[PDB]
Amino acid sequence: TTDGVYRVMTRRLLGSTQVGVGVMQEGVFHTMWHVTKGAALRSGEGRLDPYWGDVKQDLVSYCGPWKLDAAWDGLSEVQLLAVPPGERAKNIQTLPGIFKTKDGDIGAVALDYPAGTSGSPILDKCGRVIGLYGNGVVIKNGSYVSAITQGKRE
């Protein structure tokens, strides 16, 4: 339960397949809903049970409520701490674009990584998590542009 970024793995398929990524912060595990699909997780001898989740926001928290509250300022560059399947965690600095929707504008990272990278945190200059990578759109050139998905803190 130490704070940090974690791989989300499964043994249901061939070998150990990485289905996604998530953030442990303040005893709560945060990830994209499509990674676990709300299922319980294992952390050595311990077990993480879901606490909050939403399919539209595509988010889910384990052990407690969503703790991440920081946001992109619309101006500065961010870093995607990408954790790719079978590959070492690595920070990729980019300047986000905009997903323009009827309910508002959202930041967007135009980096392409395998779908098992879903749940990797997007960071600001203070190392604060401003969102999760993994939910976006496929553009004209086949590549992926993911939204900067952040939940609510109560």
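Throughout, we count residues from 1 along the sequence that is shown.
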- Task: Would you determine, from the values in the PDB entry, which of 52-60 and 66-74 has the greater average C-alpha temperature factor?
- Result: 66-74
- Task: Would you tell me which stretch averages the higher CA B-factor in the PDB entry, 18-26 or 134-142?
- Result: 134-142
- Note on the structure: Of the three thirds of the chain ranked by Cα temperature factor, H34 occupies the lowest
- Message: Using only modelled residues of the chain, where does the Cα B factor of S43 rank: lowest third, middle third or highest third?
- Response: middle
- Query: With respect to C-alpha B-factor, does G97 fall in the lowest, middle or highest third of the chain as deposited?
  - Reply: highest
- Item | Chain third (lowest, middle, highest) by recorded CA B-factor, residue given as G119 | lowest
